[PDB]
>>> print(open('input-v9.cif').read())   # mmCIF, C-alpha atoms and all ligand atoms
data_input
#
loop_
_atom_site.group_PDB
_atom_site.id
_atom_site.type_symbol
_atom_site.label_atom_id
_atom_site.label_comp_id
_atom_site.auth_asym_id
_atom_site.auth_seq_id
_atom_site.Cartn_x
_atom_site.Cartn_y
_atom_site.Cartn_z
ATOM 1 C CA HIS Y 4 95.527 109.854 105.837
ATOM 2 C CA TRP Y 5 94.286 106.345 106.584
ATOM 3 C CA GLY Y 6 96.221 104.379 109.169
ATOM 4 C CA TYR Y 7 95.670 102.163 112.197
ATOM 5 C CA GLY Y 8 95.143 104.725 114.977
ATOM 6 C CA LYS Y 9 92.011 105.743 116.845
ATOM 7 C CA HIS Y 10 91.350 108.653 114.506
ATOM 8 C CA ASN Y 11 92.214 107.076 111.140
ATOM 9 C CA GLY Y 12 92.006 103.305 111.650
ATOM 10 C CA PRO Y 13 89.780 100.551 110.265
ATOM 11 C CA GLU Y 14 86.528 101.987 111.689
ATOM 12 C CA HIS Y 15 87.095 105.189 109.683
ATOM 13 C CA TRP Y 16 88.161 103.744 106.325
ATOM 14 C CA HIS Y 17 84.626 103.520 104.916
ATOM 15 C CA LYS Y 18 84.319 107.313 104.680
ATOM 16 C CA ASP Y 19 86.959 107.590 101.940
ATOM 17 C CA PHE Y 20 86.614 103.957 100.780
ATOM 18 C CA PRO Y 21 82.921 102.975 100.939
ATOM 19 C CA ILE Y 22 83.745 99.486 99.626
ATOM 20 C CA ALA Y 23 84.952 98.905 103.189
ATOM 21 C CA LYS Y 24 81.312 97.839 103.775
ATOM 22 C CA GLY Y 25 81.148 95.779 100.576
ATOM 23 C CA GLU Y 26 80.078 92.225 99.915
ATOM 24 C CA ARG Y 27 83.477 90.500 99.825
ATOM 25 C CA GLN Y 28 85.736 92.222 102.340
ATOM 26 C CA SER Y 29 88.783 90.708 104.031
ATOM 27 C CA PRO Y 30 90.005 89.469 106.389
ATOM 28 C CA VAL Y 31 87.447 87.025 107.840
ATOM 29 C CA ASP Y 32 87.261 84.533 110.652
ATOM 30 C CA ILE Y 33 87.779 80.991 109.360
ATOM 31 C CA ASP Y 34 85.291 78.767 111.193
ATOM 32 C CA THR Y 35 87.100 75.460 110.793
ATOM 33 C CA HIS Y 36 84.090 73.239 111.462
ATOM 34 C CA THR Y 37 82.011 74.797 108.670
ATOM 35 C CA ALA Y 38 84.712 75.160 105.982
ATOM 36 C CA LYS Y 39 83.802 72.206 103.782
ATOM 37 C CA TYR Y 40 86.503 70.065 102.216
ATOM 38 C CA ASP Y 41 86.337 70.453 98.443
ATOM 39 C CA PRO Y 42 87.965 67.456 96.691
ATOM 40 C CA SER Y 43 87.940 69.386 93.394
ATOM 41 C CA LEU Y 44 90.551 71.810 94.775
ATOM 42 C CA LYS Y 45 94.014 71.145 93.388
ATOM 43 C CA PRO Y 46 97.327 71.179 95.251
ATOM 44 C CA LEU Y 47 98.836 74.639 95.401
ATOM 45 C CA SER Y 48 101.731 75.103 92.970
ATOM 46 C CA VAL Y 49 104.213 77.555 94.533
ATOM 47 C CA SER Y 50 107.115 78.026 92.075
ATOM 48 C CA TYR Y 51 109.559 80.442 93.698
ATOM 49 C CA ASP Y 52 112.897 78.936 92.561
ATOM 50 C CA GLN Y 53 113.532 81.837 90.152
ATOM 51 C CA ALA Y 54 112.257 84.673 92.359
ATOM 52 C CA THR Y 55 114.221 87.931 92.066
ATOM 53 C CA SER Y 56 113.774 90.155 95.096
ATOM 54 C CA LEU Y 57 114.858 93.739 94.605
ATOM 55 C CA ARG Y 58 114.201 96.047 97.529
ATOM 56 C CA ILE Y 59 112.559 96.421 100.919
ATOM 57 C CA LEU Y 60 110.459 99.517 101.653
ATOM 58 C CA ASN Y 61 108.854 100.949 104.793
ATOM 59 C CA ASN Y 62 105.656 102.427 103.325
ATOM 60 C CA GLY Y 63 104.305 103.832 106.607
ATOM 61 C CA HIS Y 64 101.891 100.935 107.108
ATOM 62 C CA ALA Y 65 104.145 97.858 106.872
ATOM 63 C CA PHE Y 66 107.305 96.927 104.999
ATOM 64 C CA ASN Y 67 107.181 95.415 101.523
ATOM 65 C CA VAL Y 68 109.782 93.105 100.030
ATOM 66 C CA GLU Y 69 109.432 93.769 96.309
ATOM 67 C CA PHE Y 70 110.151 91.430 93.409
ATOM 68 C CA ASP Y 71 110.890 91.753 89.706
ATOM 69 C CA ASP Y 72 107.525 90.807 88.176
ATOM 70 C CA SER Y 73 108.489 91.661 84.565
ATOM 71 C CA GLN Y 74 108.552 87.934 83.668
ATOM 72 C CA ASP Y 75 106.972 84.688 84.884
ATOM 73 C CA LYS Y 76 109.649 83.994 87.497
ATOM 74 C CA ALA Y 77 107.998 83.455 90.899
ATOM 75 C CA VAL Y 78 104.449 82.277 90.288
ATOM 76 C CA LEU Y 79 101.470 80.777 92.071
ATOM 77 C CA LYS Y 80 99.045 78.504 90.250
ATOM 78 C CA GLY Y 81 96.796 75.549 90.905
ATOM 79 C CA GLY Y 82 94.631 75.314 93.970
ATOM 80 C CA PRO Y 83 91.500 77.387 93.377
ATOM 81 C CA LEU Y 84 93.226 79.428 90.673
ATOM 82 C CA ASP Y 85 92.801 79.474 86.915
ATOM 83 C CA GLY Y 86 95.972 80.510 85.113
ATOM 84 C CA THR Y 87 99.148 82.056 86.483
ATOM 85 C CA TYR Y 88 99.722 84.677 89.169
ATOM 86 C CA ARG Y 89 103.056 86.498 89.512
ATOM 87 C CA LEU Y 90 104.602 87.424 92.849
ATOM 88 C CA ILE Y 91 104.975 91.210 93.189
ATOM 89 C CA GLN Y 92 105.639 91.740 96.920
ATOM 90 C CA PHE Y 93 105.242 90.306 100.386
ATOM 91 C CA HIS Y 94 104.613 92.030 103.707
ATOM 92 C CA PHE Y 95 103.369 91.229 107.204
ATOM 93 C CA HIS Y 96 100.784 92.416 109.697
ATOM 94 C CA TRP Y 97 101.608 92.088 113.383
ATOM 95 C CA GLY Y 98 100.608 93.064 116.893
ATOM 96 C CA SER Y 99 101.919 94.955 119.895
ATOM 97 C CA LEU Y 100 101.841 91.674 121.851
ATOM 98 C CA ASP Y 101 101.935 88.028 120.851
ATOM 99 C CA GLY Y 102 98.173 87.468 121.349
ATOM 100 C CA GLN Y 103 97.151 89.595 118.372
ATOM 101 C CA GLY Y 104 98.457 90.665 115.000
ATOM 102 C CA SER Y 105 96.938 88.390 112.387
ATOM 103 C CA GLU Y 106 94.199 89.603 110.066
ATOM 104 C CA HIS Y 107 92.502 86.286 109.430
ATOM 105 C CA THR Y 108 91.521 84.345 112.542
ATOM 106 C CA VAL Y 109 90.903 80.614 112.955
ATOM 107 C CA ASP Y 110 87.939 79.799 115.203
ATOM 108 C CA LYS Y 111 88.453 83.347 116.531
ATOM 109 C CA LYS Y 112 92.124 82.640 117.378
ATOM 110 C CA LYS Y 113 94.460 85.528 116.567
ATOM 111 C CA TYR Y 114 98.035 84.686 115.647
ATOM 112 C CA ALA Y 115 100.995 86.945 116.447
ATOM 113 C CA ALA Y 116 101.391 87.975 112.805
ATOM 114 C CA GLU Y 117 100.396 87.133 109.252
ATOM 115 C CA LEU Y 118 102.515 87.055 106.087
ATOM 116 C CA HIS Y 119 100.911 88.046 102.771
ATOM 117 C CA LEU Y 120 102.553 86.995 99.494
ATOM 118 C CA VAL Y 121 100.798 89.113 96.853
ATOM 119 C CA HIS Y 122 100.383 87.898 93.270
ATOM 120 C CA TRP Y 123 98.634 89.278 90.175
ATOM 121 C CA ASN Y 124 96.910 87.437 87.340
ATOM 122 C CA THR Y 125 99.099 87.611 84.250
ATOM 123 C CA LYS Y 127 96.080 87.551 81.916
ATOM 124 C CA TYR Y 128 95.597 91.255 82.773
ATOM 125 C CA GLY Y 129 99.120 92.309 81.816
ATOM 126 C CA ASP Y 130 99.986 94.620 84.736
ATOM 127 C CA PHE Y 131 99.150 94.872 88.422
ATOM 128 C CA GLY Y 132 97.202 98.092 87.872
ATOM 129 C CA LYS Y 133 94.881 96.405 85.380
ATOM 130 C CA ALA Y 134 94.617 93.304 87.578
ATOM 131 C CA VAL Y 135 93.176 95.387 90.434
ATOM 132 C CA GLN Y 136 90.307 96.339 88.145
ATOM 133 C CA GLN Y 137 89.190 92.689 88.002
ATOM 134 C CA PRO Y 138 87.387 90.375 90.449
ATOM 135 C CA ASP Y 139 90.012 87.640 89.833
ATOM 136 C CA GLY Y 140 92.966 89.983 89.492
ATOM 137 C CA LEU Y 141 94.924 88.972 92.599
ATOM 138 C CA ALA Y 142 95.827 85.936 94.682
ATOM 139 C CA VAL Y 143 97.223 86.446 98.165
ATOM 140 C CA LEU Y 144 98.873 83.552 99.990
ATOM 141 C CA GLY Y 145 98.460 84.132 103.726
ATOM 142 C CA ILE Y 146 100.629 82.402 106.312
ATOM 143 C CA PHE Y 147 100.177 82.695 110.062
ATOM 144 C CA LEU Y 148 103.096 83.339 112.419
ATOM 145 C CA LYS Y 149 103.250 82.057 115.995
ATOM 146 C CA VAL Y 150 106.016 82.782 118.479
ATOM 147 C CA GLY Y 151 108.301 79.868 119.320
ATOM 148 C CA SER Y 152 111.492 78.768 117.587
ATOM 149 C CA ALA Y 153 113.177 81.177 115.203
ATOM 150 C CA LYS Y 154 112.485 80.981 111.473
ATOM 151 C CA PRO Y 155 115.946 80.908 109.835
ATOM 152 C CA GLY Y 156 114.642 82.122 106.477
ATOM 153 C CA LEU Y 157 113.225 85.234 108.126
ATOM 154 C CA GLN Y 158 116.445 86.437 109.742
ATOM 155 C CA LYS Y 159 117.725 88.313 106.669
ATOM 156 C CA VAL Y 160 114.514 90.364 106.766
ATOM 157 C CA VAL Y 161 114.830 91.019 110.503
ATOM 158 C CA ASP Y 162 118.426 92.169 110.140
ATOM 159 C CA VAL Y 163 117.687 94.841 107.510
ATOM 160 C CA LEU Y 164 114.841 96.483 109.428
ATOM 161 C CA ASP Y 165 117.226 98.828 111.289
ATOM 162 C CA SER Y 166 117.953 100.472 107.932
ATOM 163 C CA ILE Y 167 114.300 101.144 107.025
ATOM 164 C CA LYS Y 168 113.036 102.308 110.407
ATOM 165 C CA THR Y 169 110.816 105.138 109.139
ATOM 166 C CA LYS Y 170 108.229 105.741 106.451
ATOM 167 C CA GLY Y 171 109.725 106.222 102.997
ATOM 168 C CA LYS Y 172 113.044 104.497 103.674
ATOM 169 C CA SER Y 173 114.115 101.616 101.438
ATOM 170 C CA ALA Y 174 117.140 99.362 101.091
ATOM 171 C CA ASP Y 175 118.484 97.049 98.417
ATOM 172 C CA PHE Y 176 117.207 93.541 99.177
ATOM 173 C CA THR Y 177 118.381 91.248 96.409
ATOM 174 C CA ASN Y 178 118.722 87.467 96.450
ATOM 175 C CA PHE Y 179 116.106 86.831 99.139
ATOM 176 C CA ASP Y 180 114.480 83.397 98.798
ATOM 177 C CA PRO Y 181 110.799 83.436 99.856
ATOM 178 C CA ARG Y 182 110.753 79.622 99.969
ATOM 179 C CA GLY Y 183 112.309 80.052 103.410
ATOM 180 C CA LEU Y 184 109.074 81.562 104.758
ATOM 181 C CA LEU Y 185 106.812 78.601 103.932
ATOM 182 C CA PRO Y 186 105.621 75.908 106.365
ATOM 183 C CA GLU Y 187 105.937 72.215 105.549
ATOM 184 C CA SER Y 188 102.322 71.672 104.498
ATOM 185 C CA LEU Y 189 100.495 73.544 101.739
ATOM 186 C CA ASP Y 190 97.030 72.595 103.037
ATOM 187 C CA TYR Y 191 94.848 75.691 102.806
ATOM 188 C CA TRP Y 192 91.500 77.409 103.082
ATOM 189 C CA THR Y 193 90.272 79.619 100.243
ATOM 190 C CA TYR Y 194 87.555 82.221 99.737
ATOM 191 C CA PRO Y 195 86.923 85.334 97.577
ATOM 192 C CA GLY Y 196 87.809 88.628 99.260
ATOM 193 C CA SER Y 197 89.573 91.946 99.119
ATOM 194 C CA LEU Y 198 92.690 93.891 99.886
ATOM 195 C CA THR Y 199 92.867 94.406 103.648
ATOM 196 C CA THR Y 200 94.160 97.997 103.364
ATOM 197 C CA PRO Y 201 92.686 100.944 101.463
ATOM 198 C CA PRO Y 202 91.639 100.972 98.684
ATOM 199 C CA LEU Y 203 90.102 97.661 99.890
ATOM 200 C CA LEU Y 204 89.514 96.476 96.315
ATOM 201 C CA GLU Y 205 87.544 93.255 95.836
ATOM 202 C CA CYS Y 206 90.044 91.471 93.573
ATOM 203 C CA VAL Y 207 91.527 88.752 95.741
ATOM 204 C CA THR Y 208 91.355 84.980 95.791
ATOM 205 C CA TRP Y 209 92.575 84.343 99.332
ATOM 206 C CA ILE Y 210 94.609 81.198 100.005
ATOM 207 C CA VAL Y 211 95.325 80.888 103.743
ATOM 208 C CA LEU Y 212 97.643 78.085 104.834
ATOM 209 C CA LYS Y 213 96.521 75.882 107.736
ATOM 210 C CA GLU Y 214 100.030 75.397 109.178
ATOM 211 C CA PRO Y 215 101.630 78.442 110.832
ATOM 212 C CA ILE Y 216 105.313 79.161 110.742
ATOM 213 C CA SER Y 217 107.163 79.691 114.011
ATOM 214 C CA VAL Y 218 109.274 82.817 114.568
ATOM 215 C CA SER Y 219 111.177 83.759 117.691
ATOM 216 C CA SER Y 220 110.202 86.417 120.205
ATOM 217 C CA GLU Y 221 113.354 88.297 119.200
ATOM 218 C CA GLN Y 222 112.336 88.259 115.520
ATOM 219 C CA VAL Y 223 108.875 89.715 116.136
ATOM 220 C CA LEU Y 224 110.278 92.192 118.678
ATOM 221 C CA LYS Y 225 112.348 93.681 115.854
ATOM 222 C CA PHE Y 226 109.217 94.120 113.704
ATOM 223 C CA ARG Y 227 107.763 96.133 116.599
ATOM 224 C CA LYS Y 228 110.714 98.581 116.581
ATOM 225 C CA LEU Y 229 109.767 99.885 113.134
ATOM 226 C CA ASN Y 230 108.029 103.265 112.906
ATOM 227 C CA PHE Y 231 104.836 104.371 111.164
ATOM 228 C CA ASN Y 232 106.189 107.939 111.114
ATOM 229 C CA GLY Y 233 108.796 109.485 108.869
ATOM 230 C CA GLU Y 234 112.294 110.483 109.896
ATOM 231 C CA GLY Y 235 112.397 113.479 112.210
ATOM 232 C CA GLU Y 236 108.771 113.043 113.325
ATOM 233 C CA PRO Y 237 107.473 111.876 116.710
ATOM 234 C CA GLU Y 238 108.015 108.149 117.084
ATOM 235 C CA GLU Y 239 104.918 105.972 116.634
ATOM 236 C CA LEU Y 240 105.843 102.311 116.788
ATOM 237 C CA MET Y 241 104.644 100.230 113.843
ATOM 238 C CA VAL Y 242 102.468 97.765 115.758
ATOM 239 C CA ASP Y 243 98.863 96.574 115.412
ATOM 240 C CA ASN Y 244 98.798 97.188 111.649
ATOM 241 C CA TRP Y 245 95.984 94.661 111.134
ATOM 242 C CA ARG Y 246 92.356 94.996 110.077
ATOM 243 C CA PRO Y 247 89.870 92.972 112.149
ATOM 244 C CA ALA Y 248 87.694 90.246 110.713
ATOM 245 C CA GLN Y 249 84.858 91.456 108.490
ATOM 246 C CA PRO Y 250 81.399 89.961 107.867
ATOM 247 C CA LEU Y 251 81.466 86.795 105.787
ATOM 248 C CA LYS Y 252 78.150 87.672 104.088
ATOM 249 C CA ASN Y 253 77.271 85.384 101.139
ATOM 250 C CA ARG Y 254 80.544 83.482 100.932
ATOM 251 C CA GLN Y 255 81.803 79.970 101.606
ATOM 252 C CA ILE Y 256 85.289 79.084 102.791
ATOM 253 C CA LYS Y 257 86.575 75.886 101.213
ATOM 254 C CA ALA Y 258 89.215 73.561 102.647
ATOM 255 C CA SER Y 259 91.792 71.796 100.472
ATOM 256 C CA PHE Y 260 92.194 68.988 103.012
ATOM 257 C CA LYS Y 261 89.958 66.412 104.692
HETATM 258 NA NA NA N 301 80.769 76.392 104.564
HETATM 259 ZN ZN ZN N 302 98.464 92.288 103.875
#
>>> encode(input="input-v9.cif", output="structure tokens")
Amino acid sequence: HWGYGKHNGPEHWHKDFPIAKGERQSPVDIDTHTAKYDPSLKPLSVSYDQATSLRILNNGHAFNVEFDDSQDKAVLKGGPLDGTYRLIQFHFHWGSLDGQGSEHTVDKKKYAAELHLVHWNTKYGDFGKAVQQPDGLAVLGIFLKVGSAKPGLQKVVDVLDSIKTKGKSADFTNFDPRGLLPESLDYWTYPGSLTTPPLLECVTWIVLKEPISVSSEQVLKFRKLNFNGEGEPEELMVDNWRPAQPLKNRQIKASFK
């Protein structure tokens, strides 16, 4: 019954998921002046040319665009990562107004939304086994600010009418996630967790420094989605973000000088 409301939101999650108070929880605030440049970090290799999207699903918390991860098509490697991580899905977190919505913050700044491209380490064979490992996942996080429209996002925006409520899905083939990337791949990285229950501490976070711009109209359509199922009282899907969590004994590294 976890969600984002007063009675089931982030402040309650620890009761069913005690790791919510663990040692490597996400998201965090990125304090830009103390994130040291690490010249040993490699350029990020984002290889999405062969990505096969399949479907888009409203899961009652966000919407997921799902990919065929049965072969090494769309993969992330390099950067802080050892080996190869396969893209399984992407989703967003966003706010009720433009001044909040992101999960990570940058010098306490909240962006209007945040895109998460979720990948699993192929050395573990399946996603379910990967989430039993401290290096099982790599999530590429990209901030969204409101300004000019993002052309590569419009196909997502236009299908949302068909998945308004929890449990609805639609065929979503031939979507190219390269259209959601900014120009620069400069990033910050740190070890963390899933930002929704079960909050598992599996994730190498890679957060890009450069936001993408989306239009007010694009994010307004996100905010017309529903957390509820069909036939139930309408609860707009907004403010589906977890606030920043204590950094504890971690360092955030920058890929850029
Ligand atoms: Na530091
Ligand atoms: Zn997420």
>>> residues_near_point(input="input-v9.cif", point="(86.7, 92.9, 112.3)", cutoff="12 Å", atoms="all atoms listed in the file", output="number ranges by chain")
Y: 12-14, 23-24, 28-32, 105-108, 111, 113, 199, 245-251
>>> write_last_selection(input="input-v9.cif", atoms="C-alpha atoms", output="PDB file, keeping the file's coordinate frame")
ATOM      1  CA  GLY Y  12      92.006 103.305 111.650  1.00  0.00           C
ATOM      2  CA  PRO Y  13      89.780 100.551 110.265  1.00  0.00           C
ATOM      3  CA  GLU Y  14      86.528 101.987 111.689  1.00  0.00           C
ATOM      4  CA  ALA Y  23      84.952  98.905 103.189  1.00  0.00           C
ATOM      5  CA  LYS Y  24      81.312  97.839 103.775  1.00  0.00           C
ATOM      6  CA  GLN Y  28      85.736  92.222 102.340  1.00  0.00           C
ATOM      7  CA  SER Y  29      88.783  90.708 104.031  1.00  0.00           C
ATOM      8  CA  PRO Y  30      90.005  89.469 106.389  1.00  0.00           C
ATOM      9  CA  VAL Y  31      87.447  87.025 107.840  1.00  0.00           C
ATOM     10  CA  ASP Y  32      87.261  84.533 110.652  1.00  0.00           C
ATOM     11  CA  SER Y 105      96.938  88.390 112.387  1.00  0.00           C
ATOM     12  CA  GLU Y 106      94.199  89.603 110.066  1.00  0.00           C
ATOM     13  CA  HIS Y 107      92.502  86.286 109.430  1.00  0.00           C
ATOM     14  CA  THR Y 108      91.521  84.345 112.542  1.00  0.00           C
ATOM     15  CA  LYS Y 111      88.453  83.347 116.531  1.00  0.00           C
ATOM     16  CA  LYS Y 113      94.460  85.528 116.567  1.00  0.00           C
ATOM     17  CA  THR Y 199      92.867  94.406 103.648  1.00  0.00           C
ATOM     18  CA  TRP Y 245      95.984  94.661 111.134  1.00  0.00           C
ATOM     19  CA  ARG Y 246      92.356  94.996 110.077  1.00  0.00           C
ATOM     20  CA  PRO Y 247      89.870  92.972 112.149  1.00  0.00           C
ATOM     21  CA  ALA Y 248      87.694  90.246 110.713  1.00  0.00           C
ATOM     22  CA  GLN Y 249      84.858  91.456 108.490  1.00  0.00           C
ATOM     23  CA  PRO Y 250      81.399  89.961 107.867  1.00  0.00           C
ATOM     24  CA  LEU Y 251      81.466  86.795 105.787  1.00  0.00           C
TER      25      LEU Y 251
END
>>> residues_near_ligand(input="input-v9.cif", ligand="ligand ZN 302 (chain N)", cutoff="7 Å", atoms="only C-alpha atoms and all ligand atoms", output="PyMOL selection string")
chain Y and resi 94-96+118-119+199
>>> residues_near_ligand(input="input-v9.cif", ligand="ligand NA 301 (chain N)", cutoff="12 Å", atoms="all atoms listed in the file", output="compact mmCIF listing (two decimals) with C-alpha atoms, in the frame of the given file")
# COMPACT_ATOMS: atom_id res chain seq x y z
CA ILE Y 33 87.78 80.99 109.36
CA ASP Y 34 85.29 78.77 111.19
CA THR Y 35 87.10 75.46 110.79
CA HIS Y 36 84.09 73.24 111.46
CA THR Y 37 82.01 74.80 108.67
CA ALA Y 38 84.71 75.16 105.98
CA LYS Y 39 83.80 72.21 103.78
CA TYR Y 40 86.50 70.06 102.22
CA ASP Y 41 86.34 70.45 98.44
CA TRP Y 192 91.50 77.41 103.08
CA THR Y 193 90.27 79.62 100.24
CA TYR Y 194 87.56 82.22 99.74
CA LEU Y 251 81.47 86.80 105.79
CA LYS Y 252 78.15 87.67 104.09
CA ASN Y 253 77.27 85.38 101.14
CA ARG Y 254 80.54 83.48 100.93
CA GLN Y 255 81.80 79.97 101.61
CA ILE Y 256 85.29 79.08 102.79
CA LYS Y 257 86.58 75.89 101.21
CA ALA Y 258 89.22 73.56 102.65
>>> closest_residue(input="input-v9.cif", among="Y:85, Y:130, Y:165, Y:117", to="residue 144 in chain Y", atoms="only C-alpha atoms")
Y:117
>>> atom_distance(input="input-v9.cif", atom1="CA of residue 156 in chain Y", atom2="CA of residue 47 in chain Y")
20.7 Å
>>> resolve_selection(input="input-v9.cif", expression="the PyMOL selection byres (((chain Y and resi 88) around 9) and not hetatm)", output="number ranges by chain")
Y: 75, 77-80, 84-87, 89-90, 121-125, 127, 140-142
>>> resolve_selection(input="input-v9.cif", expression="the PyMOL selection byres (((chain Y and resi 51-66) around 6) and not hetatm)", output="ChimeraX atom specification")
/Y:50,67-71,76-77,94,167,170-179,231
>>> write_last_selection(input="input-v9.cif", atoms="C-alpha atoms", output="PDB file, in the coordinates of the input")
ATOM      1  CA  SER Y  50     107.115  78.026  92.075  1.00  0.00           C
ATOM      2  CA  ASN Y  67     107.181  95.415 101.523  1.00  0.00           C
ATOM      3  CA  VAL Y  68     109.782  93.105 100.030  1.00  0.00           C
ATOM      4  CA  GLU Y  69     109.432  93.769  96.309  1.00  0.00           C
ATOM      5  CA  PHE Y  70     110.151  91.430  93.409  1.00  0.00           C
ATOM      6  CA  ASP Y  71     110.890  91.753  89.706  1.00  0.00           C
ATOM      7  CA  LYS Y  76     109.649  83.994  87.497  1.00  0.00           C
ATOM      8  CA  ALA Y  77     107.998  83.455  90.899  1.00  0.00           C
ATOM      9  CA  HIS Y  94     104.613  92.030 103.707  1.00  0.00           C
ATOM     10  CA  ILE Y 167     114.300 101.144 107.025  1.00  0.00           C
ATOM     11  CA  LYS Y 170     108.229 105.741 106.451  1.00  0.00           C
ATOM     12  CA  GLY Y 171     109.725 106.222 102.997  1.00  0.00           C
ATOM     13  CA  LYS Y 172     113.044 104.497 103.674  1.00  0.00           C
ATOM     14  CA  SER Y 173     114.115 101.616 101.438  1.00  0.00           C
ATOM     15  CA  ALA Y 174     117.140  99.362 101.091  1.00  0.00           C
ATOM     16  CA  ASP Y 175     118.484  97.049  98.417  1.00  0.00           C
ATOM     17  CA  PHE Y 176     117.207  93.541  99.177  1.00  0.00           C
ATOM     18  CA  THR Y 177     118.381  91.248  96.409  1.00  0.00           C
ATOM     19  CA  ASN Y 178     118.722  87.467  96.450  1.00  0.00           C
ATOM     20  CA  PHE Y 179     116.106  86.831  99.139  1.00  0.00           C
ATOM     21  CA  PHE Y 231     104.836 104.371 111.164  1.00  0.00           C
TER      22      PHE Y 231
END
>>> atom_distance(input="input-v9.cif", atom1="CA of residue 223 in chain Y", atom2="CA of residue 11 in chain Y")
24.6 Å
>>> atom_distance(input="input-v9.cif", atom1="CA of residue 149 in chain Y", atom2="CA of residue 189 in chain Y")
16.8 Å
>>> resolve_selection(input="input-v9.cif", expression="the PyMOL selection byres (((chain Y and resi 20) around 10) and not hetatm)", output="list in words")
residues 5, 15, 16, 17, 18, 19, 21, 22, 23, 24, 25, 200, 201, 202, 203 and 204 of chain Y
>>> closest_residue(input="input-v9.cif", among="Y:146, Y:134, Y:218, Y:206", to="residue 161 in chain Y", atoms="all atoms listed in the file")
Y:218
>>> closest_residue(input="input-v9.cif", among="Y:145, Y:151, Y:83, Y:237", to="residue 220 in chain Y", atoms="all atoms listed in the file")
Y:151
>>> closest_residue(input="input-v9.cif", among="Y:135, Y:120, Y:49, Y:157", to="residue 207 in chain Y", atoms="all atoms listed in the file")
Y:135
>>> residues_around(input="input-v9.cif", residues="residue 100 in chain Y", least_positions_apart="3", cutoff="9 Å", atoms="only C-alpha atoms", output="PyMOL selection string")
chain Y and resi 97+103-104+115+242-243
>>> closest_residue(input="input-v9.cif", among="Y:238, Y:190, Y:110, Y:72", to="residue 44 in chain Y", atoms="only C-alpha atoms")
Y:190
>>> residues_around(input="input-v9.cif", residues="residue 228 in chain Y", least_positions_apart="4", cutoff="9 Å", atoms="all atoms listed in the file", output="list in words")
residues 164, 165, 168, 224, 240, 241 and 242 of chain Y
